Amino acid sequence: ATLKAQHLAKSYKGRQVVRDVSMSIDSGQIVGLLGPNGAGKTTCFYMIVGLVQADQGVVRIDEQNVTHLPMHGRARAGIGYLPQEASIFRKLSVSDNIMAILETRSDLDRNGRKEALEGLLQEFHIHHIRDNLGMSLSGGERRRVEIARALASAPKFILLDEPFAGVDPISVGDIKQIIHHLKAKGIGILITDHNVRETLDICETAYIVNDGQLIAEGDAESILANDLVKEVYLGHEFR
Amino acid sequence: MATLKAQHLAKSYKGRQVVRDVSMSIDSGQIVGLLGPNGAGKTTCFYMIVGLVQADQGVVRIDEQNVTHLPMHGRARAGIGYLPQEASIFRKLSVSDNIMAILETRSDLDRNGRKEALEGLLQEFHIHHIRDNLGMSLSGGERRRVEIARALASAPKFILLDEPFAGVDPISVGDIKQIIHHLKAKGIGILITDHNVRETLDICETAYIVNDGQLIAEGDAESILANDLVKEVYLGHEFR
Amino acid sequence: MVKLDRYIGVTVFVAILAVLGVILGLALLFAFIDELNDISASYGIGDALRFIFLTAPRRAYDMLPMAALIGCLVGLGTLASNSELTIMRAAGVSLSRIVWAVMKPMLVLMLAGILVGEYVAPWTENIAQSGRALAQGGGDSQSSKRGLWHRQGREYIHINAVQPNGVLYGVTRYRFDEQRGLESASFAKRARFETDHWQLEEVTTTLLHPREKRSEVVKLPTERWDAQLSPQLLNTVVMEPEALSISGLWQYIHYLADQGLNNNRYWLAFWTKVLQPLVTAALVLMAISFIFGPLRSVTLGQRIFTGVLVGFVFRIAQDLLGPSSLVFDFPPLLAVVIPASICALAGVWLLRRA
Amino acid sequence: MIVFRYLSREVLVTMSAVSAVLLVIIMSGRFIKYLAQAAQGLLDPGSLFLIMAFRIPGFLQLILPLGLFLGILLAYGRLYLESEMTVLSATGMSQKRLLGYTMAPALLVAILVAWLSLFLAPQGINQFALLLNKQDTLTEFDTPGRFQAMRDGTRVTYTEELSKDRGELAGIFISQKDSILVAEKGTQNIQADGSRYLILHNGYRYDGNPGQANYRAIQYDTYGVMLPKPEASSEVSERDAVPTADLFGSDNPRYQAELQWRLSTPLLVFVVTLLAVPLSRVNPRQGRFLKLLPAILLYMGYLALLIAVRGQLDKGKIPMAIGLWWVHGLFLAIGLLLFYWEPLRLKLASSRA
Ligand SMILES: CCCCCCCCCCCCCCCCCC(=O)OC[C@H](COP(=O)(O)OCCN)OC(=O)CCCCCCCCCCCCCCCCC
């Protein structure tokens, strides 16, 4: 499977913030989306997710163009989304956060949903916290429960939003473990973040976007050794 | 050569002891960083030093002057500035007016003195060319320079920055560092709390790590990066 | 989708119930303050409390369309500001399913509203406005303001109070011909309906010869005034048209149609009590539209304030458009149809832009 | 002095907007009330604009203090949420100096209302009433006669056949009982400027009334109709149009209490600021808007507690001297307590140490 966003473009009130952005995400490939805050980076990320309607360009999940479908159809073709803020169901148990989404899936019967719930509880080591309200969870376990909930919908690409924002330097070693686990299943994780050091570490291909245009692309070495990025985004003294 | 002497601080929220017996000290011309895990008492200690949270025990003492029970305008009249994390510029006022609205509160200056101080602050931070632009039409970089010039217009002895390296590009921190170095050169002591450990540990000179209320380590960057307890509870085993 | 429906449903239902509790609560208080003006003599602060309280079921039925609006706003914003709706949308759940999930408890809510406004509100309102009518005004011939006046060319009549079982009280009548000899006058006491004719008791009909003679009062405990107005009609005429049940409004509308009198004021109340579920549905559709749009990220205070402001404009509109159907000749159905339709169209448009 | 004309500008603009919205809402409500009586035919559908134009001063004077209250709340909450006041406090600006900055527009809003209450509302209430006497169905509305009885009930308003001519009706029922005009028939000799009074070729003017079980004998009368004017009775007593000067030295209790009610709104503007500078403060979570509604209920309680005491002062119950003055006191104290709560708490802390 491949998520090709082609020739994206979007004009805000008066000015145009995105101009001819073309990304390509494959399955089992971590891709990072980076750039200066003022430029159009979160705009491209949201236009891929579906919250912002583009003006040009197409979004295709393996010859399944969804450029006009809302977030409903984008998620039904298979696209995850994990908000930066806490999105746990506060008054629902942990064993019910996953099940309220497993009940949405149609291909699963009564036994299949129970088996999937058991597998998802065992995979992410939240089996002993299966009877705690969402508001009773700490920051460390909340993210694991949210990731399990996201996988309960059986997506193909999960589009994380700000995973390394405001976390301790010791919890990034666990977030990266979860991301590696997600990649090991055949998912097309897409990370956008303001934290360059860890995003360029975990990711395999980064799309630096400035002034609503791609100025660079490639692995970490081909990004940290470029010249436009060193001039505008990273600065000449960045490591 | 003044000093800030927050000592034996303590505070409790709803029974639990958030902060318990933390002691800090800042001097004039010194940059001190306050770091720690998010759930620890780092933010609470910073706020009780600033004055936004009332402590239950301990005394804050600037140069033998108990400012513990003062509101956050007798703390700031003794020489303790403050700079909130978010944008705190006067949106519908010019830059010259942003500085002069604070210069006019000074009782140590006259009209000529205020005008010369305004010119000095306007030329020192290289914002003389944007002296007529409204505060709502300033970029992310010039906004911080205007805010820091405005804060200096009150002539403090200590500026307590809050999250300076917050959502800024790697090229932007190279300028915030120059501004902090200028503040240190002038004589102001700076206290910095931030979630970005690398940059703060680089800029500061003596960092206090707060975990579970109490202090767990203190000293410069080298003695903090090589301590077993902070590498077990805060920085992990792979930091640098 | 069972677990999600119960979570969206319990949340909006507890909130609508809490908002109706505060609104019925403030409104009963503003009403007591007003009643206190007239507590004097016959009416006592304790008695006023029975009227403010037994008129509660009606006050609630009226506020259900506003309580539903504000409760839906609050109970769906408490899920939208916690980012628990973007998760539902990104899991494959459409907006139509969320709207249906919110509507399912509200369909039960409007059923309960219909049942109360048809079977409980008329009874409690009638008891309250009969007790207060008896208390404030049993004693004197023209003193009471809850009294009923009827018209004949020859005579004009006032009855102080009426009771549902049959007992009647306080009647004063003046009968004038073009000639109008002041032979008799009317002031009266209790009038239990006595067969065909109300029996005016202890009448002080003032008897005089106009040109040159004295006036004397004769009281008869069996004196009878025959019924131009029968007892049931007497129950309906005194009651406010909004307080009548639908099955009573239909009968009274058709009765007035038979006699040729104008019943256009009684059509508006019928339509209001019948089309109320559709108005509630339109209001909650507009509220759901607001949550998905402008008020997705605002705080609780802004949502409550927005709700009140829109709600007020609605009520005032329904009060401009209501009695204007009689001043300007257009059907009274539009008076209730137009504002709900406008709210529904605005909600549909704002949902379409998304 | 630059912060002075920042906080005295945003507050004024927000007050203007809020006052406009409140005026629109109150005008609409009074319009719904008056429209219905017109559907019954008791008022002129065509004269519903002059009354709303003449009643503007009263609504405006009762709204402007609320406009200032909500304007201060919204403007200072906006400044608090954008950190524009955290840096003002962190530079030396007191909380007794914010009040001094805020009582500059509160002095202009308290001159506007002190003028609307003393020199403009009486004239508007006076002309509005005059027009009711100039008109008030002066011609042709007597009621196809539909039975009509006045709210006062002294005077019953009726004609034999909703005669627009209203002349020589077999039964003219304008009958006013305390001594009641009784009209055998009423020729329409009317349209006097003071009120419509119609000659009865024969008007009994039979003063005795069956209500007291008494008959008193009187014969023919002319110019009979009195002023059965409902709307003026509904909202205007001469006290609401009497000039202020006349109110000054009078011994009628009503005239003495009205001076106190009239000069009780300039003072409301000031008490309201003391209650809005302290409560304006907001966390980013609570928002500018959470407290705007609880405030409206407190303002309404202020207006109603005072109204109730005015009545007690003219009924002889409360000595004039004490007056409405106590009510302002309870609000000034609730206001002082909100203001000095924080310093007090901290000072208590100093002692416990
Ligand atoms: C003759 C009859 C006269 C009746 C007069 C009644 C007058 C009542 C006036 C005072 C009402 C105060 C209500 C205060 C509500 C706001 C306070 C609040 O925060 O409520 C939250 C509460 C939360 O609900 P909770 O208990 O947690 O339930 C969760 C279950 N999983 O939410 C709640 O559950 C508590 C609030 C319940 C509100 C109940 C009142 C509104 C609904 C009934 C309206 C009246 C109906 C009248 C007709 C009755 C006919 C039989």
# chains A, B, ... in the order shown; residues from 1 in each chain; ligands from 1
>>> residues_near_ligand(ligand="ligand 1", cutoff="6 Å", atoms="only C-alpha atoms and all ligand atoms", output="list in words")
residues 14, 17, 18, 20, 21, 22, 24, 25, 53, 54, 56, 57 and 60 of chain C
>>> residues_around(residues="residue 40 in chain A", least_positions_apart="4", cutoff="9 Å", atoms="only C-alpha atoms", output="tab-separated table (two decimals) with N, CA, C and O atoms, in the first residue's frame")
chain	number	residue	atom	x	y	z
A	17	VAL	N	-0.34	29.40	1.58
A	17	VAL	CA	0.64	28.85	2.52
A	17	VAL	C	1.28	27.56	2.04
A	17	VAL	O	2.35	27.19	2.56
A	18	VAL	N	0.68	26.85	1.09
A	18	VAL	CA	1.21	25.59	0.59
A	18	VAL	C	1.19	25.64	-0.94
A	18	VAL	O	0.19	26.06	-1.53
A	19	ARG	N	2.29	25.23	-1.57
A	19	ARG	CA	2.43	25.31	-3.02
A	19	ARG	C	3.20	24.08	-3.52
A	19	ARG	O	4.42	24.00	-3.35
A	35	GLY	N	9.81	21.11	9.39
A	35	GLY	CA	9.95	22.42	8.80
A	35	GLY	C	9.72	23.52	9.82
A	35	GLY	O	9.30	23.28	10.95
A	36	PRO	N	10.02	24.76	9.43
A	36	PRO	CA	9.77	25.89	10.33
A	36	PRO	C	8.29	26.02	10.67
A	36	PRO	O	7.42	25.67	9.87
A	44	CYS	N	0.05	20.86	5.68
A	44	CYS	CA	0.15	19.67	4.84
A	44	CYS	C	-0.23	18.42	5.61
A	44	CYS	O	-0.93	17.54	5.08
A	45	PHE	N	0.20	18.32	6.87
A	45	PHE	CA	-0.15	17.16	7.68
A	45	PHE	C	-1.66	17.04	7.84
A	45	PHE	O	-2.22	15.95	7.69
A	209	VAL	N	9.84	21.06	4.72
A	209	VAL	CA	8.97	21.94	3.94
A	209	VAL	C	9.12	23.36	4.46
A	209	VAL	O	8.99	23.60	5.66
A	210	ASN	N	9.39	24.29	3.55
A	210	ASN	CA	9.54	25.70	3.88
A	210	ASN	C	8.78	26.53	2.87
A	210	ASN	O	8.84	26.26	1.67
A	211	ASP	N	8.08	27.56	3.36
A	211	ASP	CA	7.32	28.48	2.52
A	211	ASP	C	6.34	27.71	1.63
A	211	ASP	O	6.09	28.09	0.48
A	212	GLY	N	5.79	26.63	2.16
A	212	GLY	CA	4.89	25.80	1.38
A	212	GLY	C	5.53	25.14	0.18
A	212	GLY	O	4.89	25.02	-0.87
A	213	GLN	N	6.78	24.71	0.31
A	213	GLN	CA	7.47	23.97	-0.74
A	213	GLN	C	8.45	23.01	-0.09
A	213	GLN	O	9.02	23.30	0.96
>>> select_by_dssp(residues="range 62-232 of chain A", states="alpha helix (DSSP H)", output="PyMOL selection string")
chain A and resi 71-77+94-102+110-123+139-152+172-183+196-202+220-224+228-232
>>> atom_distance(atom1="CA of residue 53 in chain B", atom2="CA of residue 3 in chain D")
26.1 Å
>>> residues_around(residues="residue 137 in chain B", least_positions_apart="3", cutoff="12 Å", atoms="only C-alpha atoms", output="list in words")
residues 89, 90, 91, 92, 93, 94, 95, 130, 131, 132, 133, 134, 140, 141, 142 and 143 of chain B
>>> write_last_selection(atoms="C-alpha atoms", output="PDB file, in the first residue's frame")
ATOM      1  CA  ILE B  89       2.993  41.907  24.232  1.00  0.00           C
ATOM      2  CA  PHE B  90       0.485  44.755  24.077  1.00  0.00           C
ATOM      3  CA  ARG B  91      -1.262  43.885  20.827  1.00  0.00           C
ATOM      4  CA  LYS B  92      -2.720  47.325  20.044  1.00  0.00           C
ATOM      5  CA  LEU B  93       0.297  49.390  21.141  1.00  0.00           C
ATOM      6  CA  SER B  94       3.468  50.400  19.342  1.00  0.00           C
ATOM      7  CA  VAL B  95       6.891  49.096  20.352  1.00  0.00           C
ATOM      8  CA  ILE B 130      10.340  48.718  14.227  1.00  0.00           C
ATOM      9  CA  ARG B 131       9.633  51.439  16.782  1.00  0.00           C
ATOM     10  CA  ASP B 132       6.283  52.333  15.167  1.00  0.00           C
ATOM     11  CA  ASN B 133       4.852  48.902  14.277  1.00  0.00           C
ATOM     12  CA  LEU B 134       1.879  47.688  16.288  1.00  0.00           C
ATOM     13  CA  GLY B 140       8.088  35.557  16.535  1.00  0.00           C
ATOM     14  CA  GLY B 141      11.656  36.799  16.907  1.00  0.00           C
ATOM     15  CA  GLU B 142      11.219  40.545  17.339  1.00  0.00           C
ATOM     16  CA  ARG B 143       8.342  39.936  19.763  1.00  0.00           C
TER      17      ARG B 143
END
>>> decode(residues="range 164-179 of chain B", atoms="N, CA, C and O atoms", output="CSV table (one decimal), in the first residue's frame")
chain,number,residue,atom,x,y,z
B,164,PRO,N,11.7,29.6,27.8
B,164,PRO,CA,12.1,30.4,26.7
B,164,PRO,C,12.3,29.6,25.4
B,164,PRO,O,11.9,30.1,24.3
B,165,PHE,N,12.9,28.4,25.5
B,165,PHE,CA,13.0,27.6,24.3
B,165,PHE,C,11.8,26.7,24.2
B,165,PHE,O,11.8,25.5,24.4
B,166,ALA,N,10.7,27.3,23.8
B,166,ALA,CA,9.4,26.6,23.7
B,166,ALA,C,8.8,26.8,22.3
B,166,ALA,O,8.4,27.9,22.0
B,167,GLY,N,8.8,25.7,21.6
B,167,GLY,CA,8.3,25.8,20.2
B,167,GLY,C,9.0,26.7,19.3
B,167,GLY,O,8.4,27.5,18.6
B,168,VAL,N,10.3,26.8,19.3
B,168,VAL,CA,11.2,27.6,18.5
B,168,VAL,C,12.1,26.8,17.7
B,168,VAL,O,12.5,25.7,18.1
B,169,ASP,N,12.4,27.3,16.5
B,169,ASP,CA,13.3,26.6,15.6
B,169,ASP,C,14.7,26.5,16.1
B,169,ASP,O,15.1,27.3,17.0
B,170,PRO,N,15.5,25.5,15.7
B,170,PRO,CA,16.9,25.5,16.2
B,170,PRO,C,17.7,26.8,15.8
B,170,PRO,O,18.7,27.1,16.5
B,171,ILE,N,17.3,27.4,14.7
B,171,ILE,CA,18.0,28.7,14.4
B,171,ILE,C,17.6,29.8,15.3
B,171,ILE,O,18.3,30.8,15.4
B,172,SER,N,16.4,29.7,15.9
B,172,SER,CA,15.9,30.8,16.8
B,172,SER,C,16.6,30.8,18.1
B,172,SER,O,16.9,31.9,18.6
B,173,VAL,N,16.9,29.7,18.7
B,173,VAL,CA,17.6,29.6,20.0
B,173,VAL,C,18.9,30.3,20.0
B,173,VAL,O,19.4,30.8,21.0
B,174,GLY,N,19.6,30.4,18.8
B,174,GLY,CA,20.9,31.1,18.7
B,174,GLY,C,20.7,32.6,19.1
B,174,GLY,O,21.7,33.2,19.4
B,175,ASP,N,19.5,33.1,18.9
B,175,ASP,CA,19.3,34.5,19.3
B,175,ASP,C,18.8,34.7,20.7
B,175,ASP,O,19.2,35.7,21.4
B,176,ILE,N,18.0,33.8,21.2
B,176,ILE,CA,17.6,33.8,22.6
B,176,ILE,C,18.8,33.7,23.5
B,176,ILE,O,18.9,34.3,24.6
B,177,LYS,N,19.7,32.8,23.1
B,177,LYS,CA,21.0,32.7,23.8
B,177,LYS,C,21.8,34.0,23.9
B,177,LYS,O,22.3,34.3,24.9
B,178,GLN,N,21.8,34.7,22.8
B,178,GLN,CA,22.5,36.0,22.8
B,178,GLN,C,21.8,37.0,23.7
B,178,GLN,O,22.5,37.8,24.4
B,179,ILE,N,20.5,37.0,23.7
B,179,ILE,CA,19.8,37.9,24.6
B,179,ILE,C,20.0,37.6,26.0
B,179,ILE,O,20.2,38.5,26.8
